[PDB]
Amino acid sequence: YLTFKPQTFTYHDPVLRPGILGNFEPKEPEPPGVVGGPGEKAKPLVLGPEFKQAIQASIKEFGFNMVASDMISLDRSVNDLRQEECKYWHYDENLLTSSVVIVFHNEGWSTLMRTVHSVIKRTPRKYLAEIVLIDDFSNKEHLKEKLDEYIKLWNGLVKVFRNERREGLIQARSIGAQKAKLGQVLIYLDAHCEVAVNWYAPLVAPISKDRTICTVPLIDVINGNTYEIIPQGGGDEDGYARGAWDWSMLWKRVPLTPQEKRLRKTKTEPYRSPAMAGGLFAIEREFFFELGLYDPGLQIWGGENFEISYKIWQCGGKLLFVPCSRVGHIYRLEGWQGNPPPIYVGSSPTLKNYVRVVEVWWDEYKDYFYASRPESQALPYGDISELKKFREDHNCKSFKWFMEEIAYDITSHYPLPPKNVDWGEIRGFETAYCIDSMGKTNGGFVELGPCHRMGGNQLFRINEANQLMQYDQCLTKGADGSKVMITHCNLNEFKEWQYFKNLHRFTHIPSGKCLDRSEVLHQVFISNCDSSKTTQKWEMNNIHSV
């Protein structure tokens, strides 16, 4: 019976006037911070080898080349990845005010400050209400005291709020929303971002017409090494993709559909996406609270982006990708040493968050999730009561509506999975050896190892469709081999195992052969079945860790 507050605010949708440009486009080229280079305007900065040993160090500390970043201006210019028609939209000038919240943890100085400098340089002043930095219990000394003094520049426009304990990224974002009173809309940004020219007007205009639209900018890639900016490779060409997921709830992207394109008169106007990546988005501040922010059961590193996406869509909102508003996000490099917090019940925290989102939102679909991850089936996912009552009090639409009206494409790229026959370890009958993946993927060979019952790479499942699978990958027969190999699976590919529980037999269907192994050397292979080997007898047991 509950509703959302009504739209008091009046706004006019923008108009596209080809060949006439403005009103939010800067008339003349943006002044470089340093003229010219090192890194303007997003021309790559390639260094070394004199800088080699220094660069690798900072990569260990930050996962980014801070050596380069340190010699690029905090006020650098940047390249325009925007489509041309973008330059010809005339916006109302009546946009809601914004607070941008940037959560950070141990962020390198120059990447965090260039982010803030980026926002100040390219957002019209009236609209920028405050920039709230949420320190999620930082370690490093340059982010305390030195930061407090520096921020005095900007005359109190920019504020920082420490967290007593490390709350985690999802909950940190919730605190941000609380700590940022001044703006009408919340604009969230990762702490290693560079925002593009005229990002704001296109981003905030759809929220203005309608307070239950949530806006996401197109997110572009900034090289961790070179600091050049590139768009993501997905979809449309133009290159418009909308956010999706497979049924283990991993984020995937898919091309913008013709069907959506039909809904829109012009190429560059916002479009509907079923879900957001998660780190950067815009909602009206009240409306976010009306959805109760982020489920406060998600511990860390959720799980977060999907929860809000379903809430907004199934409770009467829209989530829209705005092509005309672009933001660069720096992407990490190998060799970083920033580490997971210890957890006794694992990998409970993230997996547990996925189960929370599914159970409340997915409805009948939870079945697809549970056969992609059976390991999660009986996981203590916690109290979900108020979250289910919320959904019922606001008469929110079903996930089934969602999947057929707004998320129609997904099953075309990520097909529904077949139910499971069984899952768990594949252990040697009355032995303590298990088929162990070894983390091998795409072409490598599966081995035997001492059972640990910890799931992980000793966990498998059997399809009704006769696929033997670990994560996304299936095992099949190596050619020319009796060797069992792990590769990428497609719905009708490698339908070649059948498991008889009583027999203790896995049998390859195209040959006649039965799974068999050698205890030393630790090897797994298929040979003509002989009862009384007694290798070739296996059991499958649910791991079911708590």
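A residue's number is simply how far along the shown sequence it sits, counting from 1.
Mean CA temperature factor is higher for 433-441 when stretches 433-441 and 239-247 are set side by side in the entry.
When 252-260 is weighed against 463-471, 463-471 comes out higher, by mean CA B-factor as recorded in the entry.
Across the options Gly278, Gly328, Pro340, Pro415, the residue with the most elevated CA B-factor in the record is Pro340.
Of all the options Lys60, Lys43, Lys52, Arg505, the entry's greatest CA B-factor is assigned to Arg505.
The entry lists a Cα temperature factor for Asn541 that places it in the lowest third of the chain's modelled residues. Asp80 sits in the middle third of its chain by CA B factor, as recorded in the PDB entry.
Compared with the other modelled residues of the chain, the Cα B-factor recorded for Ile300 ranks in the highest third.
The deposited CA B-factor of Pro323 belongs to the lowest third of values across its chain. Among all modelled residues in its chain, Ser208 ranks in the middle third by Cα B-factor.
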